[PDB]
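Coordinates from structure-v6.txt are shown below (compact mmCIF, C-alpha atoms).
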# COMPACT_ATOMS: atom_id res chain seq x y z
CA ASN V 1 2.40 13.44 -59.61
CA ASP V 2 1.85 11.24 -56.49
CA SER V 3 1.33 7.47 -56.65
CA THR V 4 -1.99 5.74 -55.80
CA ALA V 5 -3.26 2.15 -55.48
CA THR V 6 -6.35 0.21 -54.27
CA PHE V 7 -6.48 -2.82 -51.97
CA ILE V 8 -9.37 -5.07 -50.77
CA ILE V 9 -9.23 -7.41 -47.78
CA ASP V 10 -11.15 -10.63 -47.07
CA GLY V 11 -11.33 -11.59 -43.34
CA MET V 12 -11.21 -8.10 -41.74
CA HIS V 13 -13.17 -7.29 -38.51
CA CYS V 14 -15.36 -4.86 -40.58
CA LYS V 15 -15.78 -1.10 -39.75
CA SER V 16 -13.25 -1.20 -36.83
CA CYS V 17 -10.56 -3.21 -38.78
CA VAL V 18 -11.25 -0.61 -41.52
CA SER V 19 -9.96 2.24 -39.22
CA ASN V 20 -6.86 0.34 -37.95
CA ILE V 21 -5.98 0.24 -41.68
CA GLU V 22 -6.35 4.07 -42.01
CA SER V 23 -3.93 4.43 -39.04
CA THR V 24 -1.40 1.66 -39.96
CA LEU V 25 -1.14 2.79 -43.57
CA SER V 26 -1.15 6.59 -42.93
CA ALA V 27 2.04 6.11 -40.80
CA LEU V 28 4.30 4.80 -43.63
CA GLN V 29 7.52 6.80 -44.36
CA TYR V 30 6.59 6.71 -48.15
CA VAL V 31 2.75 7.37 -48.11
CA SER V 32 1.14 10.76 -48.98
CA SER V 33 -2.54 9.98 -48.03
CA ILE V 34 -5.35 7.35 -47.81
CA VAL V 35 -9.17 6.87 -47.74
CA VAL V 36 -10.88 3.64 -46.66
CA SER V 37 -14.16 2.42 -48.22
CA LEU V 38 -16.20 2.58 -44.95
CA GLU V 39 -19.21 0.68 -46.33
CA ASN V 40 -16.94 -2.02 -47.87
CA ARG V 41 -13.76 -4.05 -47.16
CA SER V 42 -11.23 -1.92 -49.17
CA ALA V 43 -8.84 1.09 -49.12
CA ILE V 44 -7.57 3.62 -51.71
CA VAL V 45 -4.01 4.54 -50.63
CA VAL V 46 -2.01 7.51 -52.01
CA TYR V 47 1.86 7.25 -51.82
CA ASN V 48 4.85 8.78 -53.78
CA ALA V 49 7.13 7.10 -56.37
CA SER V 50 7.69 7.02 -60.18
CA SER V 51 8.48 3.28 -59.86
CA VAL V 52 4.78 2.29 -59.27
CA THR V 53 5.14 -0.35 -56.48
CA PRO V 54 1.79 -1.25 -54.76
CA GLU V 55 3.20 -4.43 -53.03
CA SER V 56 4.55 -2.37 -50.05
CA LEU V 57 1.10 -0.95 -49.16
CA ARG V 58 -0.55 -4.43 -49.60
CA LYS V 59 2.05 -5.75 -47.08
CA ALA V 60 1.29 -2.85 -44.64
CA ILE V 61 -2.43 -3.84 -44.69
CA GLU V 62 -1.52 -7.53 -44.12
CA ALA V 63 0.63 -6.27 -41.16
CA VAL V 64 -2.53 -4.93 -39.34
CA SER V 65 -4.08 -8.39 -38.98
CA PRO V 66 -1.43 -10.86 -40.33
CA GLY V 67 -2.46 -14.47 -41.12
CA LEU V 68 -6.13 -13.28 -41.23
CA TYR V 69 -5.96 -10.60 -43.99
CA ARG V 70 -6.52 -11.64 -47.65
CA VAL V 71 -5.23 -8.35 -49.20
CA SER V 72 -5.85 -7.97 -52.96
CA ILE V 73 -4.84 -5.14 -55.40
CA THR V 74 -8.23 -4.30 -57.07
CA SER V 75 -7.10 -1.94 -59.88
CA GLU V 76 -8.90 -1.05 -63.13
CA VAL V 77 -7.57 -3.69 -65.59

Show this structure as structure tokens.
Amino acid sequence: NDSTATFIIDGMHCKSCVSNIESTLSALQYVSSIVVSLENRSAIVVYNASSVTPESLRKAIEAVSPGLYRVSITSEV
């Protein structure tokens, strides 16, 4: 019954920015888990809340390379 969301970044330093994002996100006092799309520029992040609120994780990705990171919530819609 955990939460989950997906985020994609334009402007990241590729496969090393990718792993800063694993570390920066998997430290959050509300997150349960995470996997980053190693090939690509995105992350699938697993948190916990009934009030589905993906904006906090988007902000945590932006906070790994702020001013550079174009973080976008790529959900199925």

Proximity to residue 59 in chain V - best of V:46, V:38, V:9, V:18, all atoms listed in the file: V:9

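Note that the spacing between CA of residue 61 in chain V and CA of residue 17 in chain V amounts to 10.1 Å.
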
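Of note, CA of residue 11 in chain V and CA of residue 49 in chain V are spaced 29.3 Å apart.
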
Protein, DNA and RNA residues within 10 Å of (-20.9, -0.4, -37.6), only C-alpha atoms, as a list in words: residues 14, 15, 16, 38 and 39 of chain V

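Counting from CA of residue 3 in chain V, the distance to CA of residue 70 in chain V is 22.5 Å.
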
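Comparing V:47, V:42, V:68, V:54 by their smallest distance to residue 30 in chain V, the closest is V:47 (using all atoms listed in the file).
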
Which of V:43, V:62, V:35, V:28 sits closest to residue 74 in chain V [using all atoms listed in the file]: V:43

N, CA, C and O atoms are what I want for range 52-74 of chain V; can you complete it accordingly and write them as a compact mmCIF listing (two decimals), keeping the file's coordinate frame?
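What follows is the written file rebuild25.txt:
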# COMPACT_ATOMS: atom_id res chain seq x y z
N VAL V 52 6.07 2.80 -59.78
CA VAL V 52 4.78 2.29 -59.27
C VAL V 52 4.94 0.89 -58.65
O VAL V 52 5.14 -0.09 -59.36
N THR V 53 4.86 0.84 -57.31
CA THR V 53 5.14 -0.35 -56.48
C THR V 53 4.06 -0.49 -55.40
O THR V 53 4.27 -0.04 -54.27
N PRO V 54 2.90 -1.11 -55.70
CA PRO V 54 1.79 -1.25 -54.76
C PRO V 54 1.99 -2.37 -53.72
O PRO V 54 1.29 -2.38 -52.71
N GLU V 55 2.93 -3.30 -53.94
CA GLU V 55 3.20 -4.43 -53.03
C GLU V 55 3.54 -3.99 -51.59
O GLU V 55 3.22 -4.70 -50.65
N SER V 56 4.17 -2.83 -51.39
CA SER V 56 4.55 -2.37 -50.05
C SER V 56 3.34 -1.96 -49.19
O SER V 56 3.28 -2.26 -48.00
N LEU V 57 2.35 -1.31 -49.81
CA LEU V 57 1.10 -0.95 -49.16
C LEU V 57 0.24 -2.19 -48.86
O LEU V 57 -0.24 -2.32 -47.74
N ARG V 58 0.11 -3.14 -49.80
CA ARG V 58 -0.55 -4.43 -49.60
C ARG V 58 -0.01 -5.13 -48.34
O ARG V 58 -0.77 -5.45 -47.43
N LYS V 59 1.32 -5.24 -48.25
CA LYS V 59 2.05 -5.75 -47.08
C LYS V 59 1.77 -4.98 -45.78
O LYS V 59 1.68 -5.60 -44.73
N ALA V 60 1.61 -3.65 -45.82
CA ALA V 60 1.29 -2.85 -44.64
C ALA V 60 -0.14 -3.13 -44.14
O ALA V 60 -0.37 -3.16 -42.94
N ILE V 61 -1.08 -3.42 -45.05
CA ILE V 61 -2.43 -3.84 -44.69
C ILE V 61 -2.39 -5.23 -44.05
O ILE V 61 -2.87 -5.39 -42.93
N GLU V 62 -1.76 -6.21 -44.70
CA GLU V 62 -1.52 -7.53 -44.12
C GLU V 62 -0.92 -7.42 -42.71
O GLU V 62 -1.32 -8.17 -41.83
N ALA V 63 -0.05 -6.44 -42.44
CA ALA V 63 0.63 -6.27 -41.16
C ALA V 63 -0.25 -5.65 -40.04
O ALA V 63 0.25 -5.42 -38.95
N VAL V 64 -1.54 -5.44 -40.31
CA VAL V 64 -2.53 -4.93 -39.34
C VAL V 64 -3.38 -6.05 -38.75
O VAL V 64 -3.88 -5.95 -37.64
N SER V 65 -3.54 -7.14 -39.50
CA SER V 65 -4.08 -8.39 -38.98
C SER V 65 -3.49 -9.59 -39.76
O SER V 65 -4.18 -10.24 -40.55
N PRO V 66 -2.17 -9.85 -39.58
CA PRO V 66 -1.43 -10.86 -40.33
C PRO V 66 -1.94 -12.28 -40.07
O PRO V 66 -2.38 -12.61 -38.96
N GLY V 67 -1.92 -13.11 -41.11
CA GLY V 67 -2.46 -14.47 -41.12
C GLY V 67 -3.97 -14.52 -41.34
O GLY V 67 -4.48 -15.52 -41.85
N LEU V 68 -4.69 -13.44 -41.01
CA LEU V 68 -6.13 -13.28 -41.23
C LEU V 68 -6.44 -12.60 -42.57
O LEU V 68 -7.32 -13.04 -43.30
N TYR V 69 -5.71 -11.53 -42.89
CA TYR V 69 -5.96 -10.60 -43.99
C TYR V 69 -5.61 -11.11 -45.41
O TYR V 69 -4.45 -11.14 -45.82
N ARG V 70 -6.64 -11.36 -46.22
CA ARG V 70 -6.52 -11.64 -47.65
C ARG V 70 -6.52 -10.33 -48.46
O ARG V 70 -7.56 -9.92 -48.96
N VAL V 71 -5.37 -9.67 -48.55
CA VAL V 71 -5.23 -8.35 -49.20
C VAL V 71 -4.95 -8.46 -50.71
O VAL V 71 -3.99 -9.09 -51.14
N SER V 72 -5.80 -7.81 -51.51
CA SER V 72 -5.85 -7.97 -52.96
C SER V 72 -5.87 -6.62 -53.69
O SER V 72 -6.65 -5.74 -53.36
N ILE V 73 -5.02 -6.43 -54.70
CA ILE V 73 -4.84 -5.14 -55.40
C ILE V 73 -5.89 -4.97 -56.52
O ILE V 73 -5.64 -5.27 -57.69
N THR V 74 -7.09 -4.51 -56.15
CA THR V 74 -8.23 -4.30 -57.07
C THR V 74 -8.07 -3.00 -57.86
O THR V 74 -8.65 -1.97 -57.54
